Amino acid sequence: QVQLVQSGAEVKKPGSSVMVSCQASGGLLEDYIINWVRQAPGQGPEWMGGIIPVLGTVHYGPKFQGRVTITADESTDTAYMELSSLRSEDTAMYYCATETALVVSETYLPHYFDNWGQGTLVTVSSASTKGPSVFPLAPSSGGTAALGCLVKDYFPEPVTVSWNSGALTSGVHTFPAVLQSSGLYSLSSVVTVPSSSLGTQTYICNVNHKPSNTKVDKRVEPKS
Amino acid sequence: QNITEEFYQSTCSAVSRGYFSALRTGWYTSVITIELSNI
């Protein structure tokens with residue numbers, strides 16, 4: 001029932017340093033073991049480290065010690081992870097995960113992750129932040145038609161999309177982004193719907209690319 | 001287990017012969033440990 005809210009996804013330049021925050025709501029940071037796990041595309045998760053404020057102990061994975069700093073701000077119940085000298089290998093989704101530390105003895109260690117943040121996609125690249133353009137995929141003329149909108153030319157991932165402010169979910173298919181030859185990511189979101197509601201129903205795709213501060217609400221309907 | 005006893009009427013005493021010895025002549029010391037965690 002405690003939700004872990006991490007900082008937003010962003011693109012950082014190679015060699016620079018990144019800071020990711022992780023906000024706890026509903027409990028104190030001292031009452032948990034706060035862990036940081038990362039997942040590169042096509043790999044399993046890798047544990048980076050964890051801090052136990054009730055004991056005042058910080059632990060770093062051997063690969064990351066000396067370039068990772070994890071702190072616990074008990075004044076705001078926010079945990080942080082700072083990784084310096086960023087390079088291509090670091091492009092991964094970074095997760096903030098907790099283990100409850102209510103009754104702990106000394107030399108207590110992290111063991112598992114029962115409560116997770118949403119994850120923060122850090123992309124290390126030279127390219128600039130760029131917001132996407134959204135274009136309708138209008139339906140036309142059995143008994144079910146399809147429509148959608150196209151989210152094109154953004155950087156970096158991810159882009160989010162919801163139908164009817166999240167109301168329309170049964171039958172939505174939001175495809176994974178594809179990196180085009182020109183560069184930048186592009187993505188499609190289609191949903192099937194009965195052909196009798198093509199004129200009586202409004203279908204809006206709410207596209208958000210938080211890294212670029214882009215909020216777009218695109219209406220889809222046939223033309224004339 | 002063959003034990004022979006002799007009683008001497010002259011001195012009103014009795015000797016039970018045939019037993020064997022097992023005398024504690026030394027000490028062996030060992031340290032037994034249990035690993036604890038203090039909460």
# chains A, B, ... in the order shown; residues from 1 in each chain; ligands from 1
call {"tool": "interface_residues", "arguments": {"of": "chain B", "to": "chain A", "cutoff": "9 Å", "atoms": "only C-alpha atoms", "output": "list in words"}}
result
residues 37, 38 and 39 of chain B
call {"tool": "write_last_selection", "arguments": {"atoms": "N, CA and C atoms", "output": "PDB file, in the first residue's frame"}}
result
ATOM      1  N   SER B  37      23.389 -13.135  16.661  1.00  0.00           N
ATOM      2  CA  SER B  37      23.121 -11.824  16.078  1.00  0.00           C
ATOM      3  C   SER B  37      22.274 -11.029  17.064  1.00  0.00           C
ATOM      4  N   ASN B  38      22.775  -9.867  17.479  1.00  0.00           N
ATOM      5  CA  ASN B  38      22.089  -9.019  18.448  1.00  0.00           C
ATOM      6  C   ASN B  38      21.138  -8.048  17.748  1.00  0.00           C
ATOM      7  N   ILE B  39      19.870  -8.149  18.086  1.00  0.00           N
ATOM      8  CA  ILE B  39      18.835  -7.270  17.566  1.00  0.00           C
ATOM      9  C   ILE B  39      18.811  -6.011  18.420  1.00  0.00           C
TER      10      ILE B  39
END
call {"tool": "residues_around", "arguments": {"residues": "stretch 130-144 of chain A", "least_positions_apart": "6", "cutoff": "7 Å", "atoms": "only C-alpha atoms", "output": "list in words"}}
result
residues 150, 151, 152, 153, 154, 155, 192, 193, 194, 195, 209, 212, 214, 220, 221 and 222 of chain A
call {"tool": "residues_around", "arguments": {"residues": "residue B:18", "least_positions_apart": "2", "cutoff": "10 Å", "atoms": "only C-alpha atoms", "output": "ChimeraX atom specification"}}
result
/B:1-5,15-16,20-21
call {"tool": "write_last_selection", "arguments": {"atoms": "C-alpha atoms", "output": "mmCIF file, in the first residue's frame"}}
result
data_model
loop_
_atom_site.group_PDB
_atom_site.id
_atom_site.type_symbol
_atom_site.label_atom_id
_atom_site.label_comp_id
_atom_site.auth_asym_id
_atom_site.auth_seq_id
_atom_site.Cartn_x
_atom_site.Cartn_y
_atom_site.Cartn_z
ATOM 1 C CA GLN B 1 34.353 -59.859 35.207
ATOM 2 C CA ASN B 2 36.187 -62.150 37.647
ATOM 3 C CA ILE B 3 36.638 -60.617 41.114
ATOM 4 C CA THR B 4 38.240 -62.337 44.119
ATOM 5 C CA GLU B 5 37.735 -61.112 47.691
ATOM 6 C CA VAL B 15 40.456 -56.821 49.900
ATOM 7 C CA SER B 16 38.589 -57.103 46.592
ATOM 8 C CA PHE B 20 41.337 -52.316 36.878
ATOM 9 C CA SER B 21 42.303 -48.673 36.961
#
call {"tool": "atom_distance", "arguments": {"atom1": "atom CA of residue A:203", "atom2": "atom CA of residue A:163"}}
result
6.9 Å
call {"tool": "atom_distance", "arguments": {"atom1": "atom CA of residue A:95", "atom2": "atom CA of residue A:80"}}
result
11.2 Å
call {"tool": "atom_distance", "arguments": {"atom1": "atom CA of residue A:77", "atom2": "atom CA of residue A:64"}}
result
23.8 Å
call {"tool": "residues_around", "arguments": {"residues": "residue A:40", "least_positions_apart": "2", "cutoff": "8 Å", "atoms": "only C-alpha atoms", "output": "PyMOL selection string"}}
result
chain A and resi 38+42-45+90-93
call {"tool": "write_last_selection", "arguments": {"atoms": "N, CA and C atoms", "output": "compact mmCIF listing (two decimals), in the first residue's frame"}}
result
# COMPACT_ATOMS: atom_id res chain seq x y z
N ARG A 38 18.82 -2.08 -11.65
CA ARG A 38 18.72 -1.63 -13.02
C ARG A 38 18.55 -2.83 -13.94
N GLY A 42 17.04 -6.51 -22.78
CA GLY A 42 17.47 -7.86 -23.09
C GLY A 42 18.29 -8.56 -22.03
N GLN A 43 18.38 -8.01 -20.82
CA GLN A 43 19.09 -8.63 -19.72
C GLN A 43 18.16 -8.78 -18.53
N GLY A 44 18.62 -9.54 -17.55
CA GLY A 44 17.95 -9.56 -16.28
C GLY A 44 18.27 -8.33 -15.47
N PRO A 45 17.64 -8.22 -14.31
CA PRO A 45 17.95 -7.11 -13.42
C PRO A 45 19.31 -7.30 -12.76
N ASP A 90 25.25 2.08 -19.81
CA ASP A 90 24.33 2.43 -18.74
C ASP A 90 22.91 2.64 -19.22
N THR A 91 22.67 2.68 -20.54
CA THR A 91 21.30 2.82 -21.03
C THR A 91 20.46 1.64 -20.57
N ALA A 92 19.55 1.90 -19.63
CA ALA A 92 18.79 0.87 -18.95
C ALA A 92 17.67 1.53 -18.16
N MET A 93 16.67 0.74 -17.81
CA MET A 93 15.62 1.18 -16.90
C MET A 93 16.10 0.94 -15.47
call {"tool": "residues_around", "arguments": {"residues": "stretch 46-52 of chain A", "least_positions_apart": "4", "cutoff": "10 Å", "atoms": "only C-alpha atoms", "output": "JSON, numbers by chain"}}
result
{"A": [29, 30, 31, 32, 33, 34, 35, 36, 37, 38, 39, 40, 56, 57, 58, 59, 60, 61, 62, 63, 64, 65, 68, 69, 70, 71, 72, 79, 81, 94, 95, 96, 97, 98, 99, 100, 101, 104, 107, 108, 109, 110]}
call {"tool": "closest_residue", "arguments": {"among": "A:117, A:14, A:102, A:73", "to": "residue A:54", "atoms": "only C-alpha atoms"}}
result
A:102
